[PDB]
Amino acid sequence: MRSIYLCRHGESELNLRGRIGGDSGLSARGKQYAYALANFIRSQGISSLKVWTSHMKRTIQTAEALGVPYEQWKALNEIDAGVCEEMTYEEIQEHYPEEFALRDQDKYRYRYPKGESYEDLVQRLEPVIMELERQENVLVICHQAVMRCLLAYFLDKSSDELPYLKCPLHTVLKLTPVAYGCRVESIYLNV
């Protein structure tokens, strides 16, 4: 049976600082996760695994530790926060108080100044989903907002639930599409 493995890049430097977006590299234990992922994947004994990543350094660097070849997709790049790129939440509240308030109102269609909305994100992920459907075993190393969009599709979630789906770091979600829907398994790689 085919299984789709979904996970995020290992812990980035900006993740450690509590800052959003950007294009930073993996931290120390972020790299230890890349190694732990390589171990888990091997132990899965998956037949002909296709591996996808984004153009962002953090995803690429995580895939490198696997040894096997992978492919890069621009459409898998993290959601653009626009002007709020690399800010902490406190900084967004202080410098864009009205914008921050509008988000909680409708997290699905809200756009930061010159940024993307979850709706924009779902649109550019359409082709990524179409390919995913016509594949067998695949591992997608992406980002939190991207993972939420892909996960919503497979676990059949609404536009309301989507922006709030649980997608923590160092955790792999093994989704097995079945006739009644989709089975899920969560594997936490403690590093």
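Numbering starts at 1 and runs along the sequence shown. Definition used throughout: the rigid core is the maximal C-alpha set that superposes within 1.5 Å between two forms.
- Comparing 59-67 with 39-47 in 4 other deposited structures of this protein, after superposition on the rigid core, the stretch with the greater RMS C-alpha deviation is 39-47.
- The mean C-alpha temperature factor is higher for 15-23 when 168-176 and 15-23 are set side by side.
- Relative to one another, 139-147 and 44-52 have unequal mean CA B-factors, and 44-52 is the one with the higher figure.
- Within the selection 38, 132, 60, 122, the deposited Cα B-factor values reach their highest point at 132.
- Ranking 7, 1, 4, 184 by the C-alpha B-factor listed in the PDB entry places 1 at the top.
- Sort the chain's modelled residues by C-alpha temperature factor and residue 78 lands in the lowest third, per the entry.
- When the CA B factors of the chain's modelled residues are split into thirds, the value for residue 105 lands in the highest one.
- Annotation for residue 33: CA B-factor lies in the middle third of the chain's modelled residues.
- When the modelled residues of the chain are ordered by C-alpha B-factor, residue 72 sits in the highest third.
- Sorting the modelled residues of the chain by their CA temperature factor places residue 128 in the middle third.
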